[PDB]
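Note sheet for the following structure.
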Amino acid sequence: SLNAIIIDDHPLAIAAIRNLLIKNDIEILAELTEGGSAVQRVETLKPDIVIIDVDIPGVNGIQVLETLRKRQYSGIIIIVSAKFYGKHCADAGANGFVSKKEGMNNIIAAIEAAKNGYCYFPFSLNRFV
Amino acid sequence: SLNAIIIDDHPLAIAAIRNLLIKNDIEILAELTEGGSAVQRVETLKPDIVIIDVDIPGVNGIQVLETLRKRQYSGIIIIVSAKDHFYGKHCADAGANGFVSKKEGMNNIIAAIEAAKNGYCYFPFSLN
């Protein structure tokens, strides 16, 4: 089974994401509710997947993503948001960015995409049409 | 059921893509083997999905994508390639919903279509 760390301070989403991962044969190594300890916990526990909520207190979510990549973390990072900011997360080296409002199916799709070598980010047709 | 057009001249991939779409309750409105008629067939048949091989003869496949977006086609366009780590950024900049290598199998094409139905796009990742 793949291993994950959940980095999110929102009670409802924490429970939903934990239940989603366990249903999909992914083990949870740790759950964090702030960003201050995140880079160290990831470096110690060596998860395959890190899910990072954009509004984590302490060290900010995107900063955690940037620092993990800078420090050569090679695993799957999916950014989640309670609600345009996908592009920045893509440029910062996330494997996906998922809005939690549309449910949990998108987080598991993003992890699947990432395992397959693909990224999973919001699409805006208005940029092109 | 959603509808699709397949634009690919490679016999083996045509069959594999068609069987994959069928299996997933997607109807095939047309199958094209060149890019010259592509924009016209798409505008007339009005598919939800267009699958375009990068090596399609005639009008080049990425050009077909660009022209369809210029002409306000609002459906799902997935670019496919027989091979490569590199094409995908350009396909994303041109307005595709995804770019997938056919080498690793059909599962990525249906994942890309499902991503696009959900409002997401599906492109190769490089950590490099």
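Proteins get letters first, then strands, A, B, ... in listed order; numbering begins at 1 in each. Worth knowing before you read on, the calculation uses all heavy atoms, side chains too, and leaves out hydrogens, waters and symmetry mates.
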Could you tell me which portion of B:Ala92 (side chain, backbone, both or neither) has an atom closer than 4.5 angstrom to a non-hydrogen atom of chain A?
backbone
Please identify, among A:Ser99, A:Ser124, A:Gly96, the residue contributing the most non-hydrogen atom pairs under 4.5 Å to chain B.
A:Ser99
Centroid-centroid under 6.0 Å between B:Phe123 and B:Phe99 rings
no
Does any part of the side chain of A:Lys115, heavy atoms only, come nearer than 4.5 Å to the side chain of A:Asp48, both counted from C-beta?
no
Name the region of B:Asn107, side chain, backbone, both or neither, that has any atom closer than 4.5 Å to a heavy atom of chain A.
neither
Is A:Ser74 in contact with chain B via its backbone, its side chain, both, or neither, using a 4.5 Å heavy-atom distance?
both
B:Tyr120 ring center near A:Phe123 ring center (under 6.0 Å)
no
Give the intermediate values and the outcome of side chain to side chain donor-acceptor pair (under 3.5 Å) for residues B:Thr44 and B:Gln40.
CA-CA 6 Å; B:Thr44 295; B:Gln40 185 91 118; 4.6 Å; no
Side chain, backbone, both or neither: which part of B:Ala116 has an atom under 4.5 Å from a heavy atom of chain A?
neither
Would a hydrophobic clustering, with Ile, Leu, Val, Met, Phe, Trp and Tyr connected at side-chain separations under 4.5 Å, put B:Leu21 with B:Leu45?
no
Please give me the minimum heavy-atom distance between A:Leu32 and A:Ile5, naming the atom from each residue.
CG-CG2, 4.0 Å
Among the options B:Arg71, B:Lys70, B:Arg69, B:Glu66, pick out the one with the most heavy-atom pairs lying under 4.5 Å from chain A.
B:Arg69
Can you tell me which of B:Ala94, B:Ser126, B:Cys121 forms the most heavy-atom pairs within a distance under 4.5 Å of chain A?
B:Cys121
Please check this pair: side chain of B:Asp53 against backbone of B:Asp55, looking for a donor-acceptor N/O pair closer than 3.5 Å.
yes
With only heavy atoms counted, which part of A:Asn95 is less than 4.5 Å from chain B, the side chain, the backbone, both or neither?
both
Of the backbone (N, CA, C, O) and the side chain (C-beta and beyond), which part of A:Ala113 lies under 4.5 Å from a heavy atom of chain B, both, or neither?
both
Chain A contact via B:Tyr122 - which portion, at a heavy-atom distance below 4.5 Å
both
